[PDB]
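> pasting the sequence and an experimental structure:
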Amino acid sequence: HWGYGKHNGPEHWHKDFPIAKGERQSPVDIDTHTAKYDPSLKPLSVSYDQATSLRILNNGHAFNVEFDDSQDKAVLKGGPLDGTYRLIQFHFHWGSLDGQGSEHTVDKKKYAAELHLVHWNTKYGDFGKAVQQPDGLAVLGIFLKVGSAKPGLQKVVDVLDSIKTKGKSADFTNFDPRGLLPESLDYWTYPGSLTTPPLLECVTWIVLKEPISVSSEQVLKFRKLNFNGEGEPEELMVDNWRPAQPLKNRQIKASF
Ligand SMILES: CC1(C)CC(NC(=S)Nc2ccc(S(N)(=O)=O)cc2Cl)CC(C)(C)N1O
Ligand SMILES: [Hg+2]
Ligand SMILES: [Zn+2]
């Protein structure tokens, strides 16, 4: 099945998922001099105070911190969005080295990693229905660079030991995602897709301009995770990022 290696990676995905070569694929390069400020954008509203995390899972591609979305608690609204989008999970994409790891790029610059906070449109009742809609998902993307530690990331870092291999999960309650956010909510936005198979074109991307800093020791622990399952040969979970895809005349709008 699909992965990030030479024989199952992003170059191969189109065979099982033809939409890989579609009209609104993600990620993309954000060309800052082509992106236009949009006065019609309303302020972005990220309300994570009432968020309820349940557990963390190694799914053999990345790790997901999953949230209880059976009530309107952690919500993303405003900006380019119409209505209310509920937080369901977050995960990261990262590299084997600090010079790569992000999926979106900024004037071709690759960051050390990228956080995706995934939200579904409440008008569609549940996540599975939303991913069948052009405006079913909103993903908040945040770049990570290596420098000072991110205190609010440490609880995640410390639990990775318990989920080394594919299929492992651990209880992960009372994690506050507010501690992963940069100061500024300045962002670029474009219509796109999931960056993993099934690559569905259901996402409004909201990519923050300001990166968060994480320590070298924090990212190093990300790189200790395994793609493989328990008792299998060790395949380090690194470079789990899809490269930039063709923009195809889409317009990236800036909030600033
Ligand atoms: C839609 C559902 C229920 C979950 C899907 N899981 C997804 S779409 N995981 C996922 C994969 C990639 C992203 S990303 N990188 O675009 O933020 C975000 C998410 Cl939630 C997989 C499929 C569509 C087969 N089923 O199981
Ligand atoms: Hg869709
Ligand atoms: Zn992602």
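Perfect, I can see it now. Residues are numbered from 1 along each chain as shown. Ligands and ions are numbered 1, 2, ... in the order given.

> torsion angles phi and psi at residue 29?
phi -80, psi 130 (degrees, to the nearest 10).

> so it makes contact with residue 103?
No - counting by Cβ atoms under 8 Å, residue 29 does not reach residue 103; the two are 10.4 Å apart. C-beta here means a position set from N, CA and C on the backbone, and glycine is covered the same way.

> between the two, what contacts are shared?
residue 244 (Cβ atoms under 8 Å, 6 or more residues apart in numbering).

> between these two, who's got more neighbours?
residue 103 (25 against 19; other Cβ atoms under 10 Å).

> just list the residues touching residue 126, thanks.
Contacts of residue 126 (Cβ under 8 Å, 6+ apart): residue 120.

> would you mind naming what in the chain lies close to ligand 2?
200, 202 (Cβ under 5 Å from the ion).

> near ligand 1, which residues of the chain show up?
Neighbours of ligand 1 within the chain, by Cβ under 6 Å from any ligand atom: 89, 116, 118, 127, 128, 131, 139, 194, 195, 196, 198.

> and those as TSV, adding neighbour count and secondary structure?
Output for the residues of the chain next to ligand 1, formatted as TSV (neighbours: other Cβ atoms under 10 Å; DSSP: H, G, I helix; E, B strand; the rest coil):
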residue	neighbour count	secondary structure
89	20	strand
116	24	strand
118	22	strand
127	17	helix
128	10	helix
131	18	coil
139	23	strand
194	21	coil
195	24	coil
196	21	coil
198	14	coil
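
> do you know how far residue 252 is from ligand 1?
17 Å (Cβ to the nearest ligand atom, to the nearest Å).

> what does residue 7 give?
21 Å.

> what about that residue, helix or strand, and which?
Here residue 7, judged by DSSP states H and E, is contained in no helix and no strand.

> quick check: the gap between it and residue 1.
11 Å (Cβ to Cβ, to the nearest Å).

> and if you look at residue 218?
29 Å.

> cool, residue 48 as well?
For residue 48 relative to residue 1 (Cβ to Cβ), the value is 33 Å.

> now swap in residue 164 and tell me
Taking Cβ to Cβ, one finds residue 164 at 20 Å from residue 1.

> more neighbours, the two?
residue 164 (16 against 7).

> which residue is the nearest non-sequential neighbour of that one?
Closest residue in space to residue 164, ignoring its immediate chain neighbours: residue 226 at 5.3 Å, by Cβ to Cβ, 6 or more residues apart in numbering.

> please report how far the residue of the chain found nearest ligand 2 lies from residue 27.
Here the chain gets closest to ligand 2 at one residue, residue 202, 3.1 Å apart by Cβ to the ion. Going from residue 202 to residue 27 by Cβ to Cβ gives 15 Å.

> can you check residue 232 too?
From residue 232 to residue 27 the distance is 29 Å (Cβ to Cβ).

> who has more neighbours, these two?
residue 27 (24 against 11).

> next, the contact list for the more buried one, please.
102, 103, 104, 105, 192, 195, 241, 242, 243, 244, 245.

> so which residue is dead centre in this structure?
What sits nearest the mean C-alpha location of the chain, by Cα atoms, centre = their mean, is residue 116, with 1.9 Å.

> so what's that one closest to, chain neighbours aside?
Going by Cβ to Cβ, 6+ apart, residue 116 has residue 139 as its nearest residue, at 5.3 Å.

> quick check: bridge partners of the one you found?
residue 118, residue 205 (DSSP bridges).

> need the contact list for it.
116, 117, 118, 119, 203, 204, 205, 206.

> most neighbours of all those residues, which one?
Result: residue 119 is most packed of the contacts of residue 139 (other Cβ under 10 Å), 30 neighbours.
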